[PDB]
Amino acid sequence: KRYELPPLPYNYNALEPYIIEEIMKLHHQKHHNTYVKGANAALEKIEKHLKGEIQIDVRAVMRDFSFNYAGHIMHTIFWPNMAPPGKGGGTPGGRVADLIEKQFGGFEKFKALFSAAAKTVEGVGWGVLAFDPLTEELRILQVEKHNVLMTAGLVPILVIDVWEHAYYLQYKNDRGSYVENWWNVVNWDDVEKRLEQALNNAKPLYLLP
């Protein structure tokens, strides 16, 4: 089954002033679309290989699949993780706030740690807040590229893209300012919904019921 580019949940200019329209348009129509196409291209090669029509370098094509699939799913989460300022921004409540209190000692400490993780990604990558199916707790990590340092199990519920293309046109080299500004468009309702699903569904995938 082939991957498809999802529409954004909002207008290309909907995250302004925090992320400009030009970035949103390039990011979605070029970058994300390229990962969708790359993932499908890798699958097509695997198909031709399985049908015996070609012989592929299995390692190489799977590396291509890994990178592009990861790019696709990460951007798929990234867009609805944001919302126009109002619906987006502010401080979380509910289950997310509760786990943030338990795991990190409150929102301010969480924000400082998450921001540090995002700002200090070496090269391009992501800051990731994930739900751990083994402990049913939150974990923060970095991902390099789309597919380096990511682990099995951990379910991303909030991600920030710190690839240079995510901010350079507006913030230039100042990734720090981008990260600080990104908090203003975080869709906590989306994160809350993701956590609800993870609490219900994640653990049984690994520790059988």
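Numbers for residues come from their place in the sequence shown, where the first is 1.
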Practice problem: Could you check which stretch, 46-54 or 157-165, carries the larger mean CA temperature factor in the entry? | Solution: 46-54
Quiz prompt | Residue stretch of maximal mean CA temperature factor, 95-103 vs 127-135 | solution = 95-103
Quiz item: How does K111 rank on Cα B-factor within its chain, lowest, middle or highest third?
Solution: middle
Practice problem: Divide the modelled residues of the chain into thirds by Cα B-factor and specify which third, lowest, middle or highest, holds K119. | Solution: middle
